[PDB]
$ cat start.pdb   # PDB, C-alpha atoms
ATOM      1  CA  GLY J 344     115.982 111.737  68.611
ATOM      2  CA  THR J 345     112.905 113.639  69.756
ATOM      3  CA  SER J 346     111.303 114.431  66.364
ATOM      4  CA  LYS J 347     108.886 111.488  66.536
ATOM      5  CA  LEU J 348     107.739 112.152  70.089
ATOM      6  CA  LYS J 349     107.372 115.891  69.463
ATOM      7  CA  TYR J 350     105.159 115.067  66.492
ATOM      8  CA  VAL J 351     102.944 112.818  68.633
ATOM      9  CA  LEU J 352     102.689 115.585  71.262
ATOM     10  CA  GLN J 353     102.238 118.554  68.884
ATOM     11  CA  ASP J 354      98.518 119.078  69.480
ATOM     12  CA  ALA J 355      98.092 117.207  72.741
ATOM     13  CA  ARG J 356      96.194 117.438  75.988
ATOM     14  CA  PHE J 357      97.804 116.024  79.135
ATOM     15  CA  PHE J 358      96.252 114.590  82.289
ATOM     16  CA  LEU J 359      97.899 113.499  85.504
ATOM     17  CA  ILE J 360      96.688 110.075  86.646
ATOM     18  CA  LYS J 361      97.203 109.338  90.338
ATOM     19  CA  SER J 362      96.772 105.691  91.324
ATOM     20  CA  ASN J 363      96.707 104.326  94.862
ATOM     21  CA  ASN J 364      97.893 100.882  93.752
ATOM     22  CA  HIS J 365     100.991  99.867  91.768
ATOM     23  CA  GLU J 366      99.136  96.668  90.818
ATOM     24  CA  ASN J 367      96.605  98.496  88.641
ATOM     25  CA  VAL J 368      99.403 100.374  86.882
ATOM     26  CA  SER J 369     101.183  97.059  86.217
ATOM     27  CA  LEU J 370      97.951  95.640  84.825
ATOM     28  CA  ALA J 371      97.408  98.756  82.686
ATOM     29  CA  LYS J 372     100.979  98.682  81.385
ATOM     30  CA  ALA J 373     100.718  95.095  80.145
ATOM     31  CA  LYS J 374      97.168  95.213  78.745
ATOM     32  CA  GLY J 375      97.019  98.769  77.404
ATOM     33  CA  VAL J 376      93.862  99.846  79.224
ATOM     34  CA  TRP J 377      92.784 102.358  81.839
ATOM     35  CA  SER J 378      89.653 103.137  83.812
ATOM     36  CA  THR J 379      88.871 106.069  86.074
ATOM     37  CA  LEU J 380      86.078 107.628  88.117
ATOM     38  CA  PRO J 381      83.091 109.266  86.383
ATOM     39  CA  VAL J 382      84.190 112.933  86.487
ATOM     40  CA  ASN J 383      87.552 112.096  84.949
ATOM     41  CA  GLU J 384      86.019 109.631  82.477
ATOM     42  CA  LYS J 385      83.846 112.426  81.071
ATOM     43  CA  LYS J 386      86.827 114.799  80.930
ATOM     44  CA  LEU J 387      88.952 112.276  79.043
ATOM     45  CA  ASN J 388      86.202 111.475  76.539
ATOM     46  CA  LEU J 389      85.738 115.174  75.765
ATOM     47  CA  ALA J 390      89.499 115.574  75.414
ATOM     48  CA  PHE J 391      89.770 112.568  73.083
ATOM     49  CA  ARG J 392      87.391 114.237  70.613
ATOM     50  CA  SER J 393      89.073 117.656  70.911
ATOM     51  CA  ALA J 394      92.821 117.010  70.581
ATOM     52  CA  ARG J 395      95.007 115.023  68.218
ATOM     53  CA  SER J 396      96.557 113.212  71.203
ATOM     54  CA  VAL J 397      95.416 112.762  74.803
ATOM     55  CA  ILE J 398      98.277 111.803  77.104
ATOM     56  CA  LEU J 399      97.932 110.227  80.550
ATOM     57  CA  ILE J 400     100.969 110.682  82.812
ATOM     58  CA  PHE J 401     100.892 108.166  85.657
ATOM     59  CA  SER J 402     102.025 108.530  89.253
ATOM     60  CA  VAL J 403     101.482 106.037  92.060
ATOM     61  CA  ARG J 404     100.676 107.867  95.289
ATOM     62  CA  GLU J 405     103.562 108.091  97.781
ATOM     63  CA  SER J 406     106.010 106.673  95.220
ATOM     64  CA  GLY J 407     107.852 109.946  94.581
ATOM     65  CA  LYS J 408     107.870 109.157  90.863
ATOM     66  CA  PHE J 409     105.960 109.024  87.635
ATOM     67  CA  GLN J 410     105.709 105.489  86.228
ATOM     68  CA  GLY J 411     105.289 106.381  82.545
ATOM     69  CA  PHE J 412     102.874 107.917  80.083
ATOM     70  CA  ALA J 413     100.437 106.715  77.451
ATOM     71  CA  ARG J 414      98.185 108.012  74.686
ATOM     72  CA  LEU J 415      94.461 107.278  74.490
ATOM     73  CA  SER J 416      93.566 105.301  71.391
ATOM     74  CA  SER J 417      89.827 105.254  72.166
ATOM     75  CA  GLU J 418      87.128 106.874  74.210
ATOM     76  CA  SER J 419      85.912 104.813  77.126
ATOM     77  CA  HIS J 420      83.740 101.834  76.253
ATOM     78  CA  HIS J 421      81.475  99.579  78.295
ATOM     79  CA  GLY J 422      80.631  95.914  77.939
ATOM     80  CA  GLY J 423      83.944  94.924  76.358
ATOM     81  CA  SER J 424      86.403  92.366  77.707
ATOM     82  CA  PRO J 425      86.174  93.017  81.471
ATOM     83  CA  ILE J 426      89.354  94.268  83.115
ATOM     84  CA  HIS J 427      89.815  92.733  86.560
ATOM     85  CA  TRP J 428      91.128  95.794  88.342
ATOM     86  CA  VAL J 429      92.233  95.387  91.944
ATOM     87  CA  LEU J 430      89.421  97.209  93.738
ATOM     88  CA  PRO J 431      90.450  99.475  96.696
ATOM     89  CA  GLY J 440      83.763 102.930  84.595
ATOM     90  CA  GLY J 441      84.291 102.404  80.908
ATOM     91  CA  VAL J 442      87.605 101.083  79.612
ATOM     92  CA  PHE J 443      89.926 103.344  77.635
ATOM     93  CA  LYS J 444      92.354 101.694  75.260
ATOM     94  CA  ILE J 445      95.805 103.263  75.631
ATOM     95  CA  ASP J 446      99.146 102.897  73.868
ATOM     96  CA  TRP J 447     102.067 103.306  76.248
ATOM     97  CA  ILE J 448     104.792 105.654  75.068
ATOM     98  CA  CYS J 449     107.107 105.176  78.042
ATOM     99  CA  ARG J 450     106.814 102.639  80.847
ATOM    100  CA  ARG J 451     109.979 103.767  82.637
ATOM    101  CA  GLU J 452     110.030 105.787  85.833
ATOM    102  CA  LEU J 453     110.829 109.475  86.150
ATOM    103  CA  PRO J 454     111.537 110.579  89.737
ATOM    104  CA  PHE J 455     110.011 113.861  90.877
ATOM    105  CA  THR J 456     113.594 115.064  91.489
ATOM    106  CA  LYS J 457     113.941 115.314  87.688
ATOM    107  CA  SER J 458     110.756 117.366  87.149
ATOM    108  CA  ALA J 459     111.250 119.874  89.976
ATOM    109  CA  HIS J 460     111.841 122.763  87.560
ATOM    110  CA  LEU J 461     108.458 122.271  85.828
ATOM    111  CA  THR J 462     105.354 124.059  87.090
ATOM    112  CA  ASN J 463     101.841 123.712  85.704
ATOM    113  CA  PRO J 464     100.127 127.029  84.854
ATOM    114  CA  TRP J 465      96.710 125.299  85.048
ATOM    115  CA  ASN J 466      97.351 124.302  88.673
ATOM    116  CA  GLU J 467      98.368 127.693  90.134
ATOM    117  CA  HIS J 468     101.930 127.299  88.818
ATOM    118  CA  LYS J 469     102.629 124.517  91.332
ATOM    119  CA  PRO J 470     105.267 121.877  90.512
ATOM    120  CA  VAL J 471     103.824 119.499  87.950
ATOM    121  CA  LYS J 472     104.067 116.518  90.334
ATOM    122  CA  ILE J 473     101.342 118.141  92.441
ATOM    123  CA  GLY J 474      97.760 117.437  91.490
ATOM    124  CA  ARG J 475      94.682 115.314  92.044
ATOM    125  CA  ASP J 476      93.849 112.384  89.796
ATOM    126  CA  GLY J 477      92.778 113.852  86.474
ATOM    127  CA  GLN J 478      94.519 117.246  86.888
ATOM    128  CA  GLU J 479      94.982 118.689  83.425
ATOM    129  CA  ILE J 480      98.514 119.819  82.579
ATOM    130  CA  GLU J 481      99.018 122.806  80.258
ATOM    131  CA  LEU J 482     100.467 121.984  76.821
ATOM    132  CA  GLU J 483     104.056 123.219  77.128
ATOM    133  CA  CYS J 484     104.523 121.934  80.666
ATOM    134  CA  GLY J 485     103.105 118.533  79.694
ATOM    135  CA  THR J 486     105.288 118.361  76.598
ATOM    136  CA  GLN J 487     108.442 119.152  78.556
ATOM    137  CA  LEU J 488     107.487 116.621  81.244
ATOM    138  CA  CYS J 489     107.043 113.855  78.674
ATOM    139  CA  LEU J 490     110.410 114.767  77.090
ATOM    140  CA  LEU J 491     112.134 114.191  80.447
ATOM    141  CA  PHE J 492     111.348 110.459  80.484
ATOM    142  CA  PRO J 493     114.163 108.130  79.346
ATOM    143  CA  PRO J 494     113.811 106.168  76.090
ATOM    144  CA  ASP J 495     111.870 102.925  76.451
ATOM    145  CA  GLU J 496     113.435 100.131  74.374
ATOM    146  CA  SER J 497     110.272  98.051  74.762
ATOM    147  CA  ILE J 498     108.098 100.573  72.911
ATOM    148  CA  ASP J 499     107.834 101.355  69.200
ATOM    149  CA  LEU J 500     106.164 104.725  68.510
ATOM    150  CA  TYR J 501     105.297 103.518  64.989
ATOM    151  CA  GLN J 502     101.865 102.175  65.941
ATOM    152  CA  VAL J 503     100.884 105.469  67.573
ATOM    153  CA  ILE J 504     102.104 107.580  64.651
ATOM    154  CA  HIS J 505     100.027 105.521  62.213
ATOM    155  CA  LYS J 506      96.911 105.859  64.402
ATOM    156  CA  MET J 507      97.002 109.659  64.424
ATOM    157  CA  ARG J 508      96.575 109.816  60.636
TER
END

$ encode --input "start.pdb" --output "structure tokens"
Amino acid sequence: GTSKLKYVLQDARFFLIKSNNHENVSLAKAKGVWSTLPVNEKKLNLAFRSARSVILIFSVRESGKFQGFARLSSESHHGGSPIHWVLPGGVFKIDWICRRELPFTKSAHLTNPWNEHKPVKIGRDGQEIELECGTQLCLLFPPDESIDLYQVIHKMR
């Protein structure tokens, strides 16, 4: 059922993450980390302190899909265990909520009021998604049998 996920998302902010490289998303999915450019890093740190949950919704450029979504469990931090990103910032710890794909053909009815009411798939890396549109987008993803929401729910309290 959706009660658990709706609780996680109740007071959430949502950001589109656009990656040019599937490899960095694979790395991020396995290790539970993300890094971004300075403007977006600042935005995400502010959001982490302002909302009960900050959700990153990932899309690899030219893939036609979202690849999953995750919740920040920390602000960005420097000097920690270095993440060997594939090069084409601080490291955010993230807990994945869904690592399964959602094709854009399943989100075509959703438009983001904070991006001129364009379809939610459209946006630059870091585009913020308004609460209801982001919630509905996250609810479209299929259940991920590899993920247990329990850890996230305990972290919010």

$ residues_around --input "start.pdb" --residues "residue J:493" --least-positions-apart "3" --cutoff "12 Å" --atoms "only C-alpha atoms" --output "JSON, numbers by chain"
{"J": [344, 345, 348, 409, 410, 411, 412, 448, 449, 450, 451, 452, 453, 454, 457, 488, 489, 490, 496, 497, 498]}

$ residues_around --input "start.pdb" --residues "residue J:414" --least-positions-apart "5" --cutoff "8 Å" --atoms "all atoms listed in the file" --output "list in words"
residues 396, 397, 398, 399, 445, 446, 447 and 448 of chain J

$ closest_residue --input "start.pdb" --among "J:355, J:461, J:503, J:482" --to "residue J:393" --atoms "only C-alpha atoms"
J:355

$ atom_distance --input "start.pdb" --atom1 "atom CA of residue J:358" --atom2 "atom CA of residue J:491"
16.0 Å

$ atom_distance --input "start.pdb" --atom1 "atom CA of residue J:459" --atom2 "atom CA of residue J:413"
21.1 Å

$ residues_around --input "start.pdb" --residues "stretch 483-486 of chain J" --least-positions-apart "3" --cutoff "8 Å" --atoms "all atoms listed in the file" --output "PyMOL selection string"
chain J and resi 349+352+356-357+461-464+471+480+489-490

$ atom_distance --input "start.pdb" --atom1 "atom CA of residue J:380" --atom2 "atom CA of residue J:469"
23.9 Å

$ closest_residue --input "start.pdb" --among "J:369, J:455, J:481, J:442" --to "residue J:467" --atoms "all atoms listed in the file"
J:481

$ resolve_selection --input "start.pdb" --expression "the PyMOL selection byres ((chain J and resi 426-431) around 8)" --output "ChimeraX atom specification"
/J:366-367,370,424-425,442

$ residues_around --input "start.pdb" --residues "residue J:420" --least-positions-apart "2" --cutoff "7 Å" --atoms "all atoms listed in the file" --output "ChimeraX atom specification"
/J:418,422-423,441-443

$ resolve_selection --input "start.pdb" --expression "the PyMOL selection byres ((chain J and resi 403-405) around 9)" --output "PyMOL selection string"
chain J and resi 360-365+368+401-402+406-410

$ closest_residue --input "start.pdb" --among "J:487, J:444, J:415, J:390" --to "residue J:374" --atoms "only C-alpha atoms"
J:444

$ closest_residue --input "start.pdb" --among "J:417, J:468, J:392, J:460" --to "residue J:376" --atoms "all atoms listed in the file"
J:417

$ closest_residue --input "start.pdb" --among "J:466, J:394, J:458, J:477" --to "residue J:379" --atoms "all atoms listed in the file"
J:477

$ axis_aligned_box --input "start.pdb" --around "stretch 416-429 of chain J" --padding-each-side "8 Å" --output "lines of an AutoDock Vina configuration file"
center_x = 87.1
center_y = 99.6
center_z = 81.7
size_x = 28.9
size_y = 30.5
size_z = 36.6

$ closest_residue --input "start.pdb" --among "J:473, J:373, J:500, J:359" --to "residue J:347" --atoms "all atoms listed in the file"
J:500
